[PDB]
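Shown next, in structure tokens, is the structure this report addresses.
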Amino acid sequence: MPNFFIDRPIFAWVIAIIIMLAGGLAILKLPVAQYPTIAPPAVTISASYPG
Amino acid sequence: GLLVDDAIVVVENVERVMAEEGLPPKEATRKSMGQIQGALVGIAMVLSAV
Amino acid sequence: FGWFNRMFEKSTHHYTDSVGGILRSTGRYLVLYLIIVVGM
Amino acid sequence: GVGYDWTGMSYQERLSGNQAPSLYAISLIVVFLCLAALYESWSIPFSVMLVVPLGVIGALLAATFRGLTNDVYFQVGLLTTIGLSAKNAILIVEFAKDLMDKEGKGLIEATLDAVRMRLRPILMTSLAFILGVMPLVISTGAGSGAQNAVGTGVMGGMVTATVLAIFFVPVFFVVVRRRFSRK
């Protein structure tokens with residue numbers, strides 16, 4: 001339960017800074033793109049019997 | 001160092017508290033803790049970040 | 001003991017007193033630390 | 001038609017993640033907020049952080065007196081001190097504030113028994129360490145050189161920060177909340 005932190009608004013403000021500092025740094029190392037790995041993977045065998 | 005120091009601080013600060021009495025062991029340590037334990041955790045919080 | 005045990009912390013009060021000589025006369029002592037910063 | 005490229009070690013130069021005084025600024029910030037968190041203030045943090053240097057000043061000596069370099073080994077035993085000196089400094093400023101916040105003193109009567117209370121301990125730690133990091137400092141021969149590098153920088157960065165916080169960490173505490181409470 002809260003109530004703690006009301007007597008301690010610095011310790012509470014501190015959490016809210018770290019959580020914000022953590023991610024954000026994350027935003028500058030997290031891979032970007034449209035979709036993640038979505039489609040089932042496939043393997044293809046290629047043969048050739050000329051003629 | 002880091003490991004020993006942690007015990008040194010939960011013995012020194014529980015020895016000097018035989019200079020708030022003359023004999024007692026059990027409450028001596030217990031009055032060290034509560035009024036030391038809260039900061040022994042805040043260290044590991046700071047040292048991690050180091 | 002009286003010359004071996006007490007011998008030890010007998011430098012604590014002399015030490016305690018070295019804090020009775022901190023920034024007491026005028027405002028100038030945070031200059032010695034700042035030499036140690038430029039000291040690295 | 002003639003070109004070039006970098007290989008081996010010269011490939012691993014132009015990549016390595018993200019430097020150091022950048023990942024040490026994020027340590028600075030993060031150490032601060034932690035102390036602020038503990039001490040309940042923006043002001044009292046600057047009391048324990050202003051320690052940091054007291055240990056590295058001795059490390060950058062001995063590491064300059066013996067041949068030694070700025071190794072990995074140097075830094076590890078340089079973060080071990082830059083951390084340990086801050087620790088027992090969090091323990092003078094702790095006593096000081098509480099032996100005052102929950103006691104009722106101040107000006108000097110705060111910093112009073114604090115720096116007095118935290119002494120018999122410190123002098124234990126720093127001598128618990130040194131003697132014991134001692135052997136590492138001049139090592140026999142077998143794989144020695146790496147022991148020497150841990151050693152002649154922790155010990156030499158320990159005695160420098162043992163009798164340096166012991167007098168200086170009381171001072172920061174004073175004209176830090178004396179100065180940081182609005183002037």
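A quick note on method: Cβ atoms are made from the backbone with ideal geometry, for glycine too, and the neighbour counts reach across all protein chains shown. Only the coordinates and a few stated rules stand behind these numbers; no lab work does.
Worth pointing out:
- Centroid-to-centroid separation of chain B and segment D:35-111 [C-alpha atoms, Å]: 18
- Here is how the number arises for chain D: DSSP H runs of 4 or more residues each give -39500 (n - 2.57), the sum is divided by the residue count, and the result at 222 nm is -20500 deg cm²/dmol.
- Every Cα-Cα pair of chain B was included, and the share exceeding 17 Å stands at 39 percent.
- Counted over chain C with a bin width of 5 Å, the fraction of Cα pairs per bin, in whole percents, is 6, 18, 14, 15, 15, 12, 9, 8, 4, 0.
- Each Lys and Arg Cβ is given +1 and each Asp and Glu Cβ -1; about its Cα centre, segment D:8-183 then shows a dipole of about 420 debye.
- Calculated mean residue ellipticity at 222 nm for chain C: -8000 deg cm²/dmol, from DSSP H runs with n ≥ 4 weighted as -39500 (n - 2.57), summed, divided by the residue count and rounded to 500.
- Relative contact order of chain D, taken over Cα pairs closer than 8 Å and 6 or more residues apart, is 31 percent.
- Computed over chain D with a Gaussian network model linking Cα atoms closer than 10 Å, the most mobile of D:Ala149, D:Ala37, D:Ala165 is D:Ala37.
- For the protein assembly as shown, diffusion coefficient by Stokes-Einstein and Kirkwood Rh (Cα), 37 °C, 0.692 mPa s, µm²/s: 141
- Compactness check for segment D:32-183: Cα Rg over 2.2 N^0.38 Å is 1.16.
- Rounded FRET efficiency, nearest 0.05, which uses the C-beta distance separating A:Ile18 from D:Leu131 and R0 of 41 Å: 0.60
- Per-selection Kirkwood Rh - segment D:1-104 (Cα, Å, 1 d.p.): 16.9
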